[PDB]
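Shown next as structure tokens: one chain only, the form deposited in one PDB entry.
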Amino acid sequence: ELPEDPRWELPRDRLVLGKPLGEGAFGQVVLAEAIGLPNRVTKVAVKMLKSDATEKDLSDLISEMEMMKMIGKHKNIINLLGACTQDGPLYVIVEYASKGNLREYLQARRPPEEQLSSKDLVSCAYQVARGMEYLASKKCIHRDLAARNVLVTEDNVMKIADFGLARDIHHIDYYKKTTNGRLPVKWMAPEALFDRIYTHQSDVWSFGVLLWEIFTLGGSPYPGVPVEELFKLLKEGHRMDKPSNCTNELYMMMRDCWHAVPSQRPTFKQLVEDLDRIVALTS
């Protein structure tokens, strides 16, 4: 069925499958221990299909894997480690982020899981801008950059997930909610949300939204605002308010990421330099 790839295959007996991770946002993922990769076990996350999965589901998953193979490694993205593709279920072994996604990570450290500093937060921004910059350099458009799609390792390293995901943009239901109850269209740039044009620029728009979340510690964008009301806000050029406990400088960065004209938004290469500078000057 699946063609062999000596470059990534791992014997099945080397992957001790463990407890399910998450509630199903990134599909069916489980924690596991990979022996070898010979006498050391490495905790990894394993992506697999469900029993009632369709051949389409199989295709897309294969597509996501081949995508991760072409893109290459980077500290700030979820990296592919191997795969079990022969004589059995397709197992995609990727890096494990023990602390889960960023949204919940940020929420869990809000003052009434210890509190994060201004530098810790600006450092989160930096790391994500860096994962994105590399992804952009590799010709990859994410299409759904949000705190929920950023995972945190036990060492607090921010990693972008879902970047190699397979998706027909001309099939996206604007009313479908995230598992947490939010509307993904709230992270979309106007041109993407309206004209279905995804570019590194629309990803930058999303980064502005992700920055907002960081500085509101898991804040939900546009609370109570439904899809049709959102369109109207965007049509009228509406921009979210500056989070309290946020410098004017970082709000301006958010505002620049949300520039009306795509060509005028900063690049990830630019944001990385700006964030690198800010982090150093941050208490």
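By rigid core we mean the largest C-alpha set that fits within 1.5 Å across both forms. Residue positions are given as counts along the sequence shown, with the first one as 1.
Although it is not shown, the form deposited in another entry is what the next lines describe.
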Choose, among 234, 246, 217, 53, the residue with a C-alpha displacement of 2 Å or more between this form and the one not shown when the rigid core is used for superposition.
-> 53
Can we say the CA of residue 9 moves by at least 2 Å between this form and the one not shown when the core is superposed?
-> yes
Core superposition between this form and the one not shown, C-alpha change of residue 138 at least 2 Å | no
Post core alignment: residue 100 C-alpha displaced by 2 Å or more between this form and the one not shown | no
Pairwise C-alpha change, residue 171 versus residue 236, in the other form against this form - closer or farther, 3 angstroms or more | farther
Based on a C-alpha change of 3 angstroms or more, tell me if residue 201 and residue 167 lie closer or farther in the other form than in the shown form.
-> closer
